[PDB]
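Trainee: This one's experimental. Sequence and coordinates below.
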Amino acid sequence: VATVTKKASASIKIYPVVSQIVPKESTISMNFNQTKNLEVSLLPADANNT
Amino acid sequence: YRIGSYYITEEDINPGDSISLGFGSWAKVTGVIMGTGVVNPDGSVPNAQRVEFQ
């Protein structure tokens, strides 16, 4: 019998397979002036890892 | 009618980000009078209605 037992932990993060696929982009139209320097913002789906 | 000096669309992130933004020509006139009527005040026939082109 096992009189001495020791254990270990592993927080295995499980990112989604469809994560960096069709990222949410609210800036579908980015019309601006010829000399405009507007930034662009986008976020990945589920915002996980990649 | 909304008036602003910033060249940013109403739906843009920099603007309020709501509603559709459309270009407006001329100044808004309160419904009741249209301006030039009579040299000595008698008053002409004004125009009314919204969106109506006259």
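Mentor: Happy to help now that I have it. Numbers count the residues shown, from 1 in each chain, chains lettered A, B, ... in the order given.
Trainee: When you work out contacts or count neighbours from here on, use the C-alpha atoms and nothing else.
Mentor: OK.
Trainee: how far away is residue A:42 from residue A:28?
Mentor: Counting by C-alpha to C-alpha, to the nearest Å, the gap from residue A:42 to residue A:28 is 10 Å.
Trainee: how close does residue A:31 sit to residue B:25?
Mentor: Counting by C-alpha to C-alpha, the gap from residue A:31 to residue B:25 is 21 Å.
Trainee: More neighbours: which of the two?
Mentor: Set residue A:31 next to residue B:25 and count neighbours by other C-alpha atoms under 10 Å in any protein chain shown: residue A:31 wins out with 12 against 7.
Trainee: now the helices for chain A?
Mentor: In chain order, chain A shows no helices, with DSSP state H as the criterion.
Trainee: where exactly do the strands run in it?
Mentor: Counting by DSSP state E, chain A has no strands at all.
Trainee: wait, what's in contact with residue A:23?
Mentor: By C-alpha atoms under 8 Å, 6 or more residues apart in numbering or on different chains, the contact list for residue A:23 reads A:42-45.
Trainee: How much space separates it from residue A:13?
Mentor: Counting by C-alpha to C-alpha - residue A:23 and residue A:13 are separated by 20 Å.
Trainee: re the thing from before, who's more crowded, residue A:42 and residue A:28?
Mentor: Taking other C-alpha under 10 Å, residue A:42 and residue A:28 do not tie; residue A:42 has more neighbours (10 against 7).
Trainee: rewinding a little: quick one: which of the contacts of residue A:23 is nearest residue B:48?
Mentor: Nearest to residue B:48 among these is residue A:42, at 45.6 Å by C-alpha to C-alpha.
Trainee: how about the closest one, what does it touch?
Mentor: A:23-27.
Trainee: if we can go back for a sec, sort out which one of the contacts of residue A:23 lies nearest residue A:17 for me.
Mentor: residue A:45 (10.4 Å).
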